[PDB]
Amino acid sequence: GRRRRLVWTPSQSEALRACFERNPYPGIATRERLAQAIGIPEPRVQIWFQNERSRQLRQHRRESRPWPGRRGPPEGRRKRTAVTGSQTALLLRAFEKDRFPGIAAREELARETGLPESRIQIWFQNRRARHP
């Protein structure tokens, strides 16, 4: 069971497109600034940019048009989430049970740990990658 996909409003989609033309590699500050402007969580904005770039990369390559890329200084990343030893212990127990937690499983770990669900999702991605 994956996350119930969300439906952008017309005005939300315009703000995403506009900010994407301004800079298609926004930092955490930009994303949070946009997230708060349009009323959806920053993790959703991050995903949209990742998908939009992938959509644009696929298109520029079909048009045989070169892809501009990272224009301007790279914006600041997210702060490296600090995860305590106990928080880790819960993820390890959740991981041996199910490597692929759904949105239901992830959202409960975010209660049992206090970690943002978005970060828990990334933790499992990295874990699955580094522990076959």
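Note that residue numbering begins at 1 and tracks the sequence as displayed.
Trainee: Per the PDB record, is the mean Cα temperature factor higher over 19 to 27 or over 118 to 126?
Mentor: Higher of the two, by average CA B-factor, is 19 to 27.
Trainee: What stretch has the higher average Cα B-factor here, 95 to 103 or 64 to 72?
Mentor: For C-alpha atoms only, the mean B-factor is higher in 64 to 72.
Trainee: Hey, out of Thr81, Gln50, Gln36, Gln59, whose CA B-factor is highest in the deposited coordinates?
Mentor: The record points to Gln59.
Trainee: For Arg2, return the chain-relative third of its C-alpha B-factor as stated in the PDB record: lowest, middle or highest.
Mentor: Bottom third by C-alpha B-factor.
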